[PDB]
Amino acid sequence: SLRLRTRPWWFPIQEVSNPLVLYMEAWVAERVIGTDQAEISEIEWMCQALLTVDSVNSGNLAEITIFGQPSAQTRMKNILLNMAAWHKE
Amino acid sequence: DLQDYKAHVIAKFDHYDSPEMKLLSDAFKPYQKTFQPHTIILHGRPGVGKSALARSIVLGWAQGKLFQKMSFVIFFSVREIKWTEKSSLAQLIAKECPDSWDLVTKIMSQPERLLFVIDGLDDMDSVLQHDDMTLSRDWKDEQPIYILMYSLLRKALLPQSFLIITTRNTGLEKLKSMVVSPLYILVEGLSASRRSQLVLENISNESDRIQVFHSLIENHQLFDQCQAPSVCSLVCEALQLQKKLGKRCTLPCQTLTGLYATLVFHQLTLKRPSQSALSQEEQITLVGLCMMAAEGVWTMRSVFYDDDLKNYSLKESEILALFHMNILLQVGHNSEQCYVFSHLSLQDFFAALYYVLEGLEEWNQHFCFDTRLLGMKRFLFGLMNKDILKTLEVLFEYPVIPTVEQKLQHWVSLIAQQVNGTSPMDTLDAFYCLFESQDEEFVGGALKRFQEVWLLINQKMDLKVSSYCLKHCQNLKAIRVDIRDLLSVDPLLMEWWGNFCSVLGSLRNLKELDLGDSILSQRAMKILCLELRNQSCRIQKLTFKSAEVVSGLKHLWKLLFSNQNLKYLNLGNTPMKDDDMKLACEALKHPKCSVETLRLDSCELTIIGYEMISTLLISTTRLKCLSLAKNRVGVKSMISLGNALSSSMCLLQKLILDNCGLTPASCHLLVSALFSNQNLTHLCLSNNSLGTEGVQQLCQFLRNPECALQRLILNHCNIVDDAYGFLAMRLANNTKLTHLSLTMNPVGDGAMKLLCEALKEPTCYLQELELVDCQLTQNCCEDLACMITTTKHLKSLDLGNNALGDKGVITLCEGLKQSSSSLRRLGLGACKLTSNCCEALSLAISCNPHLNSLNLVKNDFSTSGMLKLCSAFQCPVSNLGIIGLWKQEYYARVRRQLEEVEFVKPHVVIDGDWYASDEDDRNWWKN
Amino acid sequence: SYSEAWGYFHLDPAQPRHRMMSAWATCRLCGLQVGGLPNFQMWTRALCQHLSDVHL
Amino acid sequence: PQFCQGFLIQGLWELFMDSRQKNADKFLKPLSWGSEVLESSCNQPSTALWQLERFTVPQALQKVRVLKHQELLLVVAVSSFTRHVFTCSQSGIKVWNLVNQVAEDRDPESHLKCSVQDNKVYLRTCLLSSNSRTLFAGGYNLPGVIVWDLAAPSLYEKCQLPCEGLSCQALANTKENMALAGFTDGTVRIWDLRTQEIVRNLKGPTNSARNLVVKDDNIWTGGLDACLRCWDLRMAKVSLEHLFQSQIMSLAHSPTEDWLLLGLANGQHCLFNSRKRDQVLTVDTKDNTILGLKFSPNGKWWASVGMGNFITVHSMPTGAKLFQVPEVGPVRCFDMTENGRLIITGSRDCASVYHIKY
Ligand SMILES: [Zn+2]
């Protein structure tokens with residue numbers, strides 16, 4: 001019923017109030033996003049948008065949540081979708 | 001000692017076995033060997049379970065599973081303390097322990113092994129005012145408790161100890177500048193999928209549940225509130241109650257205000273017989289609760305004490321009798337009690353309900369005495385629904401007509417009265433606020449004055465809110481819509497897009513539709529074009545000059561067949577392939593099509609495209625204005641264009657060829673072809689190399705009596721030669737040409753004298769001459785003054801970006817005093833003027849009643865010069881209607897004088913964008 | 001997963017119109033665009049390899 | 001500055017306080033998301049060539065916000081990528097975010113004070129790296145030049161570059177990961193950021209490194225000596241020296257051409273070709289000392305501040321003055337975003353944010 005995440009000092013508190021949620025296959029999310037947790041931090045700084053992954057539907061769907069401006073959310077979403085499409089080819 | 005304390009804690013409160021808690025356990029380990037945090041702040045929305053998390057931390061420590069390296073973990077509860085009391089840190093620590101003063105003295109001997117957990121620190125924002133306070137550094141000094149917390153946070157007291165704090169996203173605003181290098185952790189309540197599943201189970205099967213479901217979960221302000229389990233439960237209970245009441249419930253079933261009103265009013269009616277009022281005492285109690293909530297919201301306060309209840313004549317028994325739901329929870333085991341609403345969203349609802357009941361009586365005689373206002377604002381806007389106010393009328397036995405409704409209407413109207421366009425963000429915010437009211441009359445009365453709208457569509461719910469609110473914008477004439485990446489790539493989204501398109505294709509006063517920077521897929525364009533085919537659509541103007549709609553152009557050629565109100569089409573920057581060109585030409589040839597203007601700037605036209613355009617030009621069409629700017633026109637394409645324009649079947653009246661790469665050969669071809677043309681009246685050849693031969697050929701064309709040219713634009717073409725002799729001789733014997741523009745050509749005083757001499761002839765009927773950045777100097781100002789005195793037809797003269805100087809302007813002002821002039825517009829922007837010439841300008845402006853417009857930007861006027869010019873502007877005889885200035889460049893004195901100028905003459909516009917106003921289609925080519 | 005690798009590259013905030021060129025970063029030294037890999041790890045590795053080959 | 005949301009909130013507040021007693025309007029466009037003001041640009045008298053489109057030049061400045069530092073203001077920085085403003089003074093550095101939709105800010109994101117007790121310890125300069133990942137500070141009586149990492153989850157002092165016994169006057173930073181500084185005695189130390197090891201020391205006359213500019217392998221300095229010196233990084237020898245008619249109170253370099261812009265103490269702007277190193281053009285004189293200069297990202301205009309009340313914008317290459325916006329006192333500092341949308345100027349004890357109208 002609770003999930004914890006770390007908010008970098010540089011991310012405004014005004015931008016955790018309207019996330020963007022999209023769903024995709026779980027294994028695709030594992031292949032693309034990975035698990036290093038430092039690669040993900042670097043790419044978050046680059047896009048200026050936070051990213052989270054949570055397994056849903058018995059491990060067949062992931063709930064990707066993206067925070068930031070609408071433009072930052074669009075940038076992060078498009079990067080993820082491009083990589084995923086590469087995988088699905 | 002220690003084990004006894006652990007036992008006491010376990011008894012009071014009764015870990016590390018879940019992936020969530022390990023983060024808290026590990027948050028006190030080095031980041032990269034250079035940093036180790038000593039302060040963690042957990043923040044989140046109300047009701048997500050943060051106090052439970054803190055208590056779990058302490059319990060896990062006492063049991064020996066978390067932070068085992070710490071020697072002591074203290075716990076503070078911010079609610080249950082009196083911040084105005086005077087105490088010392090030692091007493092506060094001892095309160096928790098069983099009066100083990102020896103242990104407390106022993107605790108302070110190892111500060112580096114200490115840990116404080118502070119809970120609910122948000123409530124103290126009202127006392128942590130914008131001011132400094134004494135910084136304590138000892139644990140034995142008696143200071144106010146809020147001073148103790150303020151000193152502990154800044155690590156001036158016990159600087160070596162660890163801290164953990166929980167607070168609300170809205171309380172961080174003053175902590176963040178107080179703590180030193182904190183680590184922030186975001187606590188999130190229910191997941192999105194769980195909230196969706198919970199809401200989807202309580203909608204009525206028989207009714208159209210999908211629409212209400214998607215209108216509930218797509219509202220980000222409502223949906224994000226449902227992270228708290230308590231708010232989700234309230235929403236579910238309200239949905240079930242509305243289902244149970246069947247047709248007895250007339251309140252809205254989508255807005256959160258509707259659900260909260262259902263919940264609160266259903267309880268209030270339980271004691272009463274069906275449809276009967278409340279007593280006077282109960283009315284007093286309800287109004288007092290509402291006033292207390294409103295005052296708490298305004299003063300950044302959310303915990304109330306027995307003193308506050310007395311001020312508003314409240315009692316827990318009375319409140320529990322009114323509502324059986326026990327709205328005011330009582331918290332605090334101390335002999336002094338503390339009260340908090342069941343949720344922080346219920347304080348907003350009761351705060352906004354005060355603006356609706358404050359006017360029914362003189363309640364005050366009975367009583368003894370940002371981001372936090374967003375919820376109250378939404379509730380206040382949603383309480384103006386009439387089905388809701390009927391219940392209040394029943395309860396209070398009196399008509400309810402709040403005086404705030406007029407204020408909200410006035411605000412929404414003030415949004416749309418802005419002059420330099422409307423702000424898309426304020427427009428969307430107002431549309432979100434007006435969607436909560438759900439009252440057709442109030443909404444329609446709010447949106448009366450919206451004559452133009454600029455929207456910015458980012459989420460799905462912006463489509464629904466816009467469709468709802470746009471349906472009542474009857475005086476809407478133009479609209480711009482920016483949709484970046486929402487419809488870019490290929491369903492609820494398509495359905496809401498279709499509804500939005502249907503709403504646009506039904507307004508009767510809508511003339512212009514601009515698509516901004518939208519990126520539309522093929523299917524989105526298909527839906528838009530299908531919806532614009534409607535016979536109720538009156539849209540004349542259509543603009544795609546900044547959008548990417550290449551993949552679905554074929555749906556626009558079919559729209560050209562049917563919609564017969566369409567007259568203007570802009571396709572700038574859209575690549576145009578051969579097949580698309582053929583289809584567009586066939587659409588423009590159709591007898592039903594009525595497109596008069598067609599812009600194809602930067603469309604990458606090929607030779608075959610030019611052949612198709614040439615064939616179109618002679619066919620029977622209604623096309624009158626054509627633009628081919630920024631397209632490379634070759635020799636063969638120019639031959640085809642000439643063969644089209646030399647015919648007598650071509651009725652084109654305007655032609656823009658700006659920056660088409662014309663050369664003297666192509667220009668010769670063009671002007672030779674134009675000799676037989678009788679219909680063309682506007683011609684633009686800007687940003688091309690003409691030459692003396694080209695100017696001579698153009699003058700030869702002008703001489704022909706069959707010629708019809710009225711406007712000729714030659715910006716950035718000519719060369720320093722005798723080509724200005726040809727034009728000068730041609731002007732003196734011309735009766736048709738009215739506008740000539742020679743901007744950014746090297747004319748100079750030598751050619752300026754010839755042009756002035758030609759203009760002085762009474763046979764010349766020229767009306768506007770543009771000489772912006774033409775290399776004139778102070779030598780030609782005498783000729784200009786003589787010509788301004790002498791002529792009878794010239795009405796516009798632009799001399800911007802010319803170094804006339806103070807002496808040049810003083811010379812020119814001798815011809816602006818005379819009453820024999822007829823000049824109405826004068827440009828003097830960026831002419832290197834100073835305060836030296838302000839006397840001459842002031843005299844001319846005072847003594848001239850015909851001047852209507854004047855430009856003065858990019859010069860350097862001092863305070864005294866501007867004061868003289870302002871005194872001149874105030875003169876009764878001056879008739880200036882447009883003045884070119886930037887009022888932000890001058891001191892306060894000059895600015896107040898300019899305001900007085902605007903006051904004395906209410907029709908004067910003082911705006912620095914001087915080229916925005918064109919009374920006579922001056923920018924027919926730039927568009 | 002090196003932080004110094006990304007300190008040399010830049011992402012344009014403005015989304016490109018062509019959405020197949022979205023996962024590409026521009027070097028702050030030479031201006032070359034490197035990207036298009038199917039993963040975060042591969043993308044960072046390509047950044048490092050370009051740096052080593054061309055610059056350091 | 002007045003906005004619509006504040007209009008409504010003030011109206012509601014006034015109504016509420018009115019009901020509890022006895023017992024068109026001009027708005028400013030908001031700075032959306034701390035990124036952009038959604039507006040329409042001014043009209044021009046003519047179009048532009050194919051390739052001249054991006055030769056934009058500003059028309060006016062619109063004031064949008066005020067940041068309430070509570071001490072005399074020395075240096076201002078800003079990042080368009082992260083939307084952070086760094087305002088510096090003697091006591092410390094305050095960090096403000098541009099997303100806070102207000103008209104008078106008083107709550108910074110943080111406050112960075114010096115680990116050494118401020119008594120006889122002062123800051124005098126600050127610098128933000130080009131990629132917005134690092135922040136530098138220097139001043140009197142410090143054991144080094146403080147370095148902060150801004151890309152980490154928390155804001156903490158990363159390292160220190162040792163400069164014991166000196167006073168920092170100017171700072172610079174190169175994409176190659178080098179770090180430069182200039183001291184009152186004329187030294188110019190070059191550190192390595194990876195290892196914090198001193199790599200070079202260029203010793204010049206006293207008060208000659210008051211201003212420092214780096215481009216390619218060159219280090220242009222100028223100060224009260226009134227001469228402009230160029231030091232070669234990989235030869236460590238003064239490769240040039242040109243003398244001017246007044247003290248060099250500021251420097252700047254074009255980001256797209258070879259023009260070096262100087263602001264002297266008597267009020268003149270001089271343009272110097274950094275490659276030919278022969279031409280020295282003079283631009284019309286201001287009436288007061290020039291304390292700041294900076295080229296626009298495209299290099300087609302520049303702004304200047306000084307001991308006067310005005311902020312002036314000039315055009316290249318002729319130095320023609322476009323417009324002028326007044327203030328209340330000497331404008332010590334200013335900065336410009338890398339997208340050419342905002343300009344932030346520090347005067348007295350507060351920093352003003354302006355919107356550049358094109
Ligand atoms: Zn590179």
# chains A, B, ... in the order shown; residues from 1 in each chain; ligands from 1
>>> closest_atom_pairs(of="chain C", to="ligand 1", cutoff="9 Å", atoms="only C-alpha atoms and all ligand atoms", output="Markdown table")
| residue | atom | partner | partner_atom_place_in_ligand_line | distance |
| --- | --- | --- | --- | --- |
| C:8 | CA | ligand 1 | 1 (Zn) | 7.8 |
| C:9 | CA | ligand 1 | 1 (Zn) | 7.9 |
| C:26 | CA | ligand 1 | 1 (Zn) | 7.6 |
| C:27 | CA | ligand 1 | 1 (Zn) | 4.5 |
| C:28 | CA | ligand 1 | 1 (Zn) | 6.7 |
| C:29 | CA | ligand 1 | 1 (Zn) | 5.3 |
| C:30 | CA | ligand 1 | 1 (Zn) | 4.5 |
| C:31 | CA | ligand 1 | 1 (Zn) | 6.1 |
| C:32 | CA | ligand 1 | 1 (Zn) | 5.5 |
| C:33 | CA | ligand 1 | 1 (Zn) | 7.9 |
| C:34 | CA | ligand 1 | 1 (Zn) | 8.4 |
| C:47 | CA | ligand 1 | 1 (Zn) | 8.5 |
| C:50 | CA | ligand 1 | 1 (Zn) | 6.4 |
| C:51 | CA | ligand 1 | 1 (Zn) | 6.0 |
| C:54 | CA | ligand 1 | 1 (Zn) | 6.5 |
| C:55 | CA | ligand 1 | 1 (Zn) | 6.4 |
>>> write_last_selection(atoms="N, CA, C and O atoms", output="mmCIF file, in the first residue's frame")
data_model
loop_
_atom_site.group_PDB
_atom_site.id
_atom_site.type_symbol
_atom_site.label_atom_id
_atom_site.label_comp_id
_atom_site.auth_asym_id
_atom_site.auth_seq_id
_atom_site.Cartn_x
_atom_site.Cartn_y
_atom_site.Cartn_z
ATOM 1 N N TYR C 8 29.880 14.728 -20.997
ATOM 2 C CA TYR C 8 30.373 15.247 -22.265
ATOM 3 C C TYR C 8 29.303 15.327 -23.341
ATOM 4 O O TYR C 8 29.516 16.007 -24.348
ATOM 5 N N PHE C 9 28.170 14.660 -23.158
ATOM 6 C CA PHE C 9 27.101 14.630 -24.143
ATOM 7 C C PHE C 9 25.924 15.474 -23.673
ATOM 8 O O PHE C 9 25.796 15.809 -22.495
ATOM 9 N N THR C 26 24.291 14.472 -28.408
ATOM 10 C CA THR C 26 25.253 15.265 -29.158
ATOM 11 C C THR C 26 26.472 15.553 -28.294
ATOM 12 O O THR C 26 26.341 16.074 -27.184
ATOM 13 N N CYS C 27 27.654 15.228 -28.812
ATOM 14 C CA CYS C 27 28.888 15.463 -28.079
ATOM 15 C C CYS C 27 29.117 16.957 -27.882
ATOM 16 O O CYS C 27 28.920 17.756 -28.798
ATOM 17 N N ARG C 28 29.540 17.333 -26.676
ATOM 18 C CA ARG C 28 29.807 18.733 -26.379
ATOM 19 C C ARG C 28 31.135 19.212 -26.939
ATOM 20 O O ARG C 28 31.385 20.421 -26.938
ATOM 21 N N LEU C 29 31.991 18.303 -27.405
ATOM 22 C CA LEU C 29 33.293 18.671 -27.950
ATOM 23 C C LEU C 29 33.246 18.814 -29.469
ATOM 24 O O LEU C 29 33.521 19.893 -30.004
ATOM 25 N N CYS C 30 32.885 17.740 -30.173
ATOM 26 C CA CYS C 30 32.929 17.715 -31.629
ATOM 27 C C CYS C 30 31.562 17.861 -32.287
ATOM 28 O O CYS C 30 31.504 18.108 -33.495
ATOM 29 N N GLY C 31 30.472 17.722 -31.539
ATOM 30 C CA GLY C 31 29.149 17.901 -32.099
ATOM 31 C C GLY C 31 28.558 16.684 -32.773
ATOM 32 O O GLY C 31 27.466 16.787 -33.342
ATOM 33 N N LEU C 32 29.230 15.539 -32.728
ATOM 34 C CA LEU C 32 28.727 14.328 -33.356
ATOM 35 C C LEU C 32 27.588 13.725 -32.541
ATOM 36 O O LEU C 32 27.570 13.798 -31.310
ATOM 37 N N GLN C 33 26.635 13.116 -33.241
ATOM 38 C CA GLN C 33 25.500 12.449 -32.617
ATOM 39 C C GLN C 33 25.755 10.952 -32.556
ATOM 40 O O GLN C 33 26.036 10.324 -33.583
ATOM 41 N N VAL C 34 25.646 10.382 -31.360
ATOM 42 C CA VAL C 34 25.847 8.956 -31.138
ATOM 43 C C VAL C 34 24.665 8.423 -30.342
ATOM 44 O O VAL C 34 24.257 9.028 -29.346
ATOM 45 N N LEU C 47 28.626 5.791 -25.808
ATOM 46 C CA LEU C 47 29.160 7.100 -25.443
ATOM 47 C C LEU C 47 30.618 6.987 -25.016
ATOM 48 O O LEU C 47 31.490 7.720 -25.507
ATOM 49 N N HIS C 50 32.967 6.144 -28.020
ATOM 50 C CA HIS C 50 33.248 7.298 -28.864
ATOM 51 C C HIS C 50 34.257 8.214 -28.192
ATOM 52 O O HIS C 50 35.204 8.689 -28.829
ATOM 53 N N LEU C 51 34.064 8.482 -26.899
ATOM 54 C CA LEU C 51 35.012 9.344 -26.201
ATOM 55 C C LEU C 51 36.422 8.787 -26.311
ATOM 56 O O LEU C 51 37.352 9.494 -26.722
ATOM 57 N N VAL C 54 37.796 8.845 -30.218
ATOM 58 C CA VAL C 54 37.952 10.068 -30.995
ATOM 59 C C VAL C 54 38.616 11.174 -30.189
ATOM 60 O O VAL C 54 39.347 11.995 -30.752
ATOM 61 N N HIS C 55 38.384 11.221 -28.876
ATOM 62 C CA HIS C 55 38.748 12.400 -28.102
ATOM 63 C C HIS C 55 39.925 12.159 -27.165
ATOM 64 O O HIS C 55 40.930 12.868 -27.255
#
>>> interface_residues(of="chain B", to="chain A", cutoff="10 Å", atoms="only C-alpha atoms", output="PyMOL selection string")
chain B and resi 19-21+23-24+27+41-45+48-50+53+169-170+172-173+176+181-194+219-221+223-225+227-229+371+458-459+484-486
>>> select_by_dssp(residues="segment 64-236 of chain D", states="strand (DSSP E or B)", output="number ranges by chain")
D: 64-67, 75-79, 84-88, 92-97, 105, 110-113, 125-128, 134-138, 140, 144-149, 157-162, 167-173, 178-183, 187-192, 198-203, 211-215, 218-222, 227-232
>>> residues_around(residues="segment 198-214 of chain B", least_positions_apart="2", cutoff="8 Å", atoms="only C-alpha atoms", output="PyMOL selection string")
chain B and resi 194-196+216-218+232+235-236+239-240+243+253-254
>>> closest_residue(among="D:225, D:257, D:71, D:185", to="residue 244 of chain D", atoms="only C-alpha atoms")
D:225
>>> interface_residues(of="chain C", to="chain B", cutoff="12 Å", atoms="only C-alpha atoms", output="PyMOL selection string")
chain C and resi 14-20
>>> closest_atom_pairs(of="chain A", to="chain C", cutoff="10 Å", atoms="only C-alpha atoms", output="JSON lines")
{"residue": "A:30", "atom": "CA", "partner": "C:39", "partner_atom": "CA", "distance": 9.8}
{"residue": "A:31", "atom": "CA", "partner": "C:39", "partner_atom": "CA", "distance": 7.0}
{"residue": "A:32", "atom": "CA", "partner": "C:39", "partner_atom": "CA", "distance": 4.8}
{"residue": "A:33", "atom": "CA", "partner": "C:40", "partner_atom": "CA", "distance": 6.3}
{"residue": "A:34", "atom": "CA", "partner": "C:40", "partner_atom": "CA", "distance": 7.4}
{"residue": "A:35", "atom": "CA", "partner": "C:41", "partner_atom": "CA", "distance": 9.8}
{"residue": "A:36", "atom": "CA", "partner": "C:1", "partner_atom": "CA", "distance": 7.3}
{"residue": "A:37", "atom": "CA", "partner": "C:1", "partner_atom": "CA", "distance": 8.5}
{"residue": "A:38", "atom": "CA", "partner": "C:1", "partner_atom": "CA", "distance": 5.6}
{"residue": "A:39", "atom": "CA", "partner": "C:1", "partner_atom": "CA", "distance": 4.7}
{"residue": "A:40", "atom": "CA", "partner": "C:40", "partner_atom": "CA", "distance": 7.7}
{"residue": "A:41", "atom": "CA", "partner": "C:1", "partner_atom": "CA", "distance": 9.1}
{"residue": "A:42", "atom": "CA", "partner": "C:3", "partner_atom": "CA", "distance": 6.6}
{"residue": "A:43", "atom": "CA", "partner": "C:40", "partner_atom": "CA", "distance": 8.2}
{"residue": "A:45", "atom": "CA", "partner": "C:6", "partner_atom": "CA", "distance": 9.6}
{"residue": "A:46", "atom": "CA", "partner": "C:11", "partner_atom": "CA", "distance": 6.4}
{"residue": "A:47", "atom": "CA", "partner": "C:11", "partner_atom": "CA", "distance": 7.2}
{"residue": "A:48", "atom": "CA", "partner": "C:13", "partner_atom": "CA", "distance": 9.0}
{"residue": "A:71", "atom": "CA", "partner": "C:14", "partner_atom": "CA", "distance": 7.6}
{"residue": "A:72", "atom": "CA", "partner": "C:13", "partner_atom": "CA", "distance": 7.3}
{"residue": "A:74", "atom": "CA", "partner": "C:15", "partner_atom": "CA", "distance": 7.8}
{"residue": "A:75", "atom": "CA", "partner": "C:15", "partner_atom": "CA", "distance": 6.1}
{"residue": "A:76", "atom": "CA", "partner": "C:22", "partner_atom": "CA", "distance": 9.1}
{"residue": "A:77", "atom": "CA", "partner": "C:22", "partner_atom": "CA", "distance": 9.9}
{"residue": "A:78", "atom": "CA", "partner": "C:22", "partner_atom": "CA", "distance": 6.6}
{"residue": "A:79", "atom": "CA", "partner": "C:23", "partner_atom": "CA", "distance": 5.2}
{"residue": "A:80", "atom": "CA", "partner": "C:23", "partner_atom": "CA", "distance": 8.4}
{"residue": "A:81", "atom": "CA", "partner": "C:19", "partner_atom": "CA", "distance": 9.5}
{"residue": "A:82", "atom": "CA", "partner": "C:20", "partner_atom": "CA", "distance": 6.5}
{"residue": "A:83", "atom": "CA", "partner": "C:38", "partner_atom": "CA", "distance": 4.9}
{"residue": "A:84", "atom": "CA", "partner": "C:38", "partner_atom": "CA", "distance": 7.4}
{"residue": "A:85", "atom": "CA", "partner": "C:38", "partner_atom": "CA", "distance": 8.7}
{"residue": "A:86", "atom": "CA", "partner": "C:38", "partner_atom": "CA", "distance": 6.0}
{"residue": "A:87", "atom": "CA", "partner": "C:38", "partner_atom": "CA", "distance": 6.6}
>>> atom_distance(atom1="atom CA of residue 790 of chain B", atom2="atom CA of residue 753 of chain B")
14.3 Å
>>> interface_residues(of="chain B", to="chain D", cutoff="7 Å", atoms="only C-alpha atoms", output="ChimeraX atom specification")
/B:173-174,176-177,181-183,364-365,411,414,417,423,659,687,858,888-891,913,915-916
>>> write_last_selection(atoms="C-alpha atoms", output="PDB file, in the first residue's frame")
ATOM      1  CA  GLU B 173       8.254  25.464   1.281  1.00  0.00           C
ATOM      2  CA  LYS B 174      10.164  26.653   4.367  1.00  0.00           C
ATOM      3  CA  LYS B 176      13.985  23.203   2.300  1.00  0.00           C
ATOM      4  CA  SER B 177      15.909  26.400   3.101  1.00  0.00           C
ATOM      5  CA  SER B 181      21.855  18.851   2.657  1.00  0.00           C
ATOM      6  CA  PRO B 182      18.817  16.595   3.194  1.00  0.00           C
ATOM      7  CA  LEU B 183      17.815  13.396   1.438  1.00  0.00           C
ATOM      8  CA  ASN B 364     -21.075  37.105  13.351  1.00  0.00           C
ATOM      9  CA  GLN B 365     -23.263  38.325  16.215  1.00  0.00           C
ATOM     10  CA  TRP B 411     -12.586  36.889 -13.126  1.00  0.00           C
ATOM     11  CA  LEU B 414     -11.323  39.481 -17.264  1.00  0.00           C
ATOM     12  CA  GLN B 417     -10.507  40.889 -22.185  1.00  0.00           C
ATOM     13  CA  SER B 423      -2.863  33.296 -22.277  1.00  0.00           C
ATOM     14  CA  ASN B 659      12.940  35.001 -52.154  1.00  0.00           C
ATOM     15  CA  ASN B 687      14.654  39.544 -51.695  1.00  0.00           C
ATOM     16  CA  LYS B 858      14.818  52.686 -30.885  1.00  0.00           C
ATOM     17  CA  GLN B 888       9.140  50.405 -19.770  1.00  0.00           C
ATOM     18  CA  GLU B 889      12.299  52.253 -20.880  1.00  0.00           C
ATOM     19  CA  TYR B 890      11.672  55.487 -18.964  1.00  0.00           C
ATOM     20  CA  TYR B 891      11.724  56.636 -15.361  1.00  0.00           C
ATOM     21  CA  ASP B 913       4.685  46.946 -31.741  1.00  0.00           C
ATOM     22  CA  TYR B 915       3.766  47.198 -37.342  1.00  0.00           C
ATOM     23  CA  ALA B 916       0.930  45.258 -35.705  1.00  0.00           C
TER      24      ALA B 916
END
>>> interface_residues(of="chain D", to="chain C", cutoff="12 Å", atoms="only C-alpha atoms", output="PyMOL selection string")
chain D and resi 35+80-82+129-134+149-152+174-177+193-194+216+338-339
>>> write_last_selection(atoms="C-alpha atoms", output="PDB file, in the first residue's frame")
ATOM      1  CA  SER D  35      10.587  27.603 -19.206  1.00  0.00           C
ATOM      2  CA  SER D  80      18.069  27.129 -18.725  1.00  0.00           C
ATOM      3  CA  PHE D  81      18.440  23.345 -18.653  1.00  0.00           C
ATOM      4  CA  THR D  82      17.601  22.961 -14.951  1.00  0.00           C
ATOM      5  CA  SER D 129      29.802  24.955 -15.523  1.00  0.00           C
ATOM      6  CA  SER D 130      28.520  24.857 -19.088  1.00  0.00           C
ATOM      7  CA  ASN D 131      26.710  21.526 -18.628  1.00  0.00           C
ATOM      8  CA  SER D 132      25.070  22.694 -15.365  1.00  0.00           C
ATOM      9  CA  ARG D 133      26.586  19.793 -13.394  1.00  0.00           C
ATOM     10  CA  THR D 134      28.968  21.790 -11.177  1.00  0.00           C
ATOM     11  CA  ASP D 149      27.986  18.608  -7.481  1.00  0.00           C
ATOM     12  CA  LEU D 150      24.539  19.633  -8.707  1.00  0.00           C
ATOM     13  CA  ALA D 151      23.640  16.346 -10.440  1.00  0.00           C
ATOM     14  CA  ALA D 152      23.546  14.270  -7.240  1.00  0.00           C
ATOM     15  CA  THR D 174      36.917  24.618 -19.886  1.00  0.00           C
ATOM     16  CA  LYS D 175      35.130  21.670 -21.463  1.00  0.00           C
ATOM     17  CA  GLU D 176      38.389  19.700 -21.189  1.00  0.00           C
ATOM     18  CA  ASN D 177      37.668  19.397 -17.390  1.00  0.00           C
ATOM     19  CA  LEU D 193      39.018  18.579 -11.697  1.00  0.00           C
ATOM     20  CA  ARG D 194      39.459  14.798 -11.741  1.00  0.00           C
ATOM     21  CA  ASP D 216      40.978  27.389 -27.435  1.00  0.00           C
ATOM     22  CA  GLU D 338      21.672  29.575 -23.103  1.00  0.00           C
ATOM     23  CA  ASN D 339      18.403  29.728 -25.069  1.00  0.00           C
TER      24      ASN D 339
END
>>> atom_distance(atom1="atom CA of residue 479 of chain B", atom2="atom CA of residue 493 of chain B")
21.0 Å
>>> atom_distance(atom1="atom CA of residue 109 of chain B", atom2="atom CA of residue 141 of chain B")
17.1 Å
>>> select_by_dssp(residues="chain C", states="helix (DSSP H, G or I)", output="PyMOL selection string")
chain C and resi 3-6+19-21+40-55
>>> residues_around(residues="residue 222 of chain D", least_positions_apart="2", cutoff="6 Å", atoms="only C-alpha atoms", output="JSON, numbers by chain")
{"D": [208, 209, 211, 227, 228, 248]}
